[PDB]
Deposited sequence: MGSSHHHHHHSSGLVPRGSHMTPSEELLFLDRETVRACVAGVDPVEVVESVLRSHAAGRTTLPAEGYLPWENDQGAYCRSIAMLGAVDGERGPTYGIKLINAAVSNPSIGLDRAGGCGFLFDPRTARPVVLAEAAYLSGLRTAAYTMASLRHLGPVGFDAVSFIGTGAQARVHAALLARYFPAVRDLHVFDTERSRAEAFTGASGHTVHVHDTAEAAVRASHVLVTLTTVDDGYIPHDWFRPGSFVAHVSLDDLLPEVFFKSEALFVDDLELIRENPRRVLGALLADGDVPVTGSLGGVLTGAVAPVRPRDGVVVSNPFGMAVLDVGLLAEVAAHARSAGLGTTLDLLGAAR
C-alpha cells in the first residue's frame, strides 16, 4: 500500500496553533550550527507566461539530523509576478516529508502559509534573544500576508506589544490591516512608521534601499526580512549584525548584505544559531541598532512540517490519500 497524510492550509494553521514553532526553529538552528542539516542545490525552472511576466518553480530539498530523529522533505514554492494583477498571492505550493526508512513521500502540506510562519517564527526567536527586553510596540513596512502572521505570533510570544505602527506604499492595504489585543496606527510615511517604535520588521518587495541609520532610535532592532530596505551605512553603523547562514547571504550578492560582503569586511557579529549554542554572545540594543539579516533556509520549513505532522497524527487532523486506489 501507498498513503499520504494530506494537510490543507487551515489544518496547518490549526497544527502551528497547537505546537511551539519558535522552539522548533531554535532546535533546527541548533542542528544547523552543528552542521547536522543539509540544503542541496535547489531545483529552479524559470519561464515567461503569456502576460510577458516572470514565473518560476523552486524545489528546495532539506534534511535535519535533529533533536528527535532524522527529518527529510522538500518545499515547492511556485510564483508568477502577474499573480497580484489578477487577484492571487504571488507564491503558492506544497511541502512533503519522506519516511526515513523507505524514502516514500508520506506527508503533503500546503506550504505558502508555512513559509510565512517560518519567517515570523525566526523573527520571534531573533527578538527573544537579540531585541530589547520588554518592547511594547512593533513597526511594519508592508502590511500583507507576512505582516498578519507576524502580528499573530506577536500575540503568542510578545503580549506586551499592544501597538503596531504600519506603512505600506499601497495605502489601502495599510488601512485594511487589523493585526491580532493590537491597536494598528497607519503612518503617512515609512520614516514615521520606523521612528514610532524600537522594533522594525521590513516586509516589502522593493529593489531600492531607502532606510538610513538616522531613522532608528538609540536601542532599536530591525528584522530585515525583505533584505533590500536598509542602506549600506545601517550595516556598517550597526551596534551588532546577526545572520542565519553567512554563506547563503554571501552567495546572493544582488542583496545589499551580500553586495557589501563582496566589497570587503562587514561587522557581522555572528548567526542566531551561534547565539543559541553559546558560541557567540548575544547583543541587545543600547546605543545604536541591532540588525538581523536572515536569508531564509528551507531546513526550517522541513523542521516545522515534521512538528506540524506529528501534531496532526496525535490530534486526528487532515485526510489520508490512497496513492494506488486499487
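Could you name the stretches of the deposited sequence that have no C-alpha atoms in this structure?
Missing C-alpha atoms (numbering from 1) occur across the ranges 1-23, 204, 351-352.
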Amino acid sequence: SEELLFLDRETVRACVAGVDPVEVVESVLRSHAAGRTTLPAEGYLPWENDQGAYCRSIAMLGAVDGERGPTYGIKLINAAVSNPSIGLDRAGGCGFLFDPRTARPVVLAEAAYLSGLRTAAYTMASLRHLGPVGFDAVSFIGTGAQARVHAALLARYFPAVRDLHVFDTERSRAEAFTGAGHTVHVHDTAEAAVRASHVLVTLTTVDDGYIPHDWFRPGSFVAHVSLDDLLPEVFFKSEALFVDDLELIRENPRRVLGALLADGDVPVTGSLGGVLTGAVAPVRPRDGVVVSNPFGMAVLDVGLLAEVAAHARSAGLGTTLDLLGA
From here on, numbers count along this sequence of modelled residues.
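Would 82-90 or 183-191 have the larger average of its C-alpha temperature factors, as given in the entry?
Going by the record's values, the stretch with the higher mean is 82-90.
Regarding 246-254 and 116-124, which shows the higher C-alpha temperature factor on average in the entry?
Going by the record's values, the stretch with the higher mean is 246-254.
Just to confirm, going by the entry's C-alpha B-factors, which of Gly69, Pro294, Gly270, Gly62 comes out highest?
In the PDB entry, the greatest C-alpha B-factor among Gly69, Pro294, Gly270, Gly62 is found at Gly69.
So if I compare the CA B-factors in the entry for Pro21, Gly303, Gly18, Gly318, which one is the largest?
Most elevated C-alpha B-factor of the set, per the entry: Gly318.
Can you tell me whether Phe236 has a C-alpha B-factor in the lowest, middle or highest third compared with the other modelled residues of the same chain?
For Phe236, whose C-alpha B-factor we compare with every modelled residue in the chain, the answer is the middle third.
How does the C-alpha B factor of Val289 compare with the rest of the chain: lowest, middle or highest third?
CA B-factor rank for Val289: middle third.
Considering every modelled residue of the chain and its Cα B-factor in the PDB entry, is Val299 in the lowest, middle or highest third?
Its C-alpha B-factor belongs to the lowest third of this chain's values.
Would the CA B-factor of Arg171 place it in the lowest, middle or highest third of its chain?
Highest third - that is where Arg171 ends up once the chain's C-alpha B-factors are sorted.
Rank-wise, by C-alpha B-factor, drop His198 into the lowest, middle or highest third of its chain.
It falls in the bottom third of the chain.
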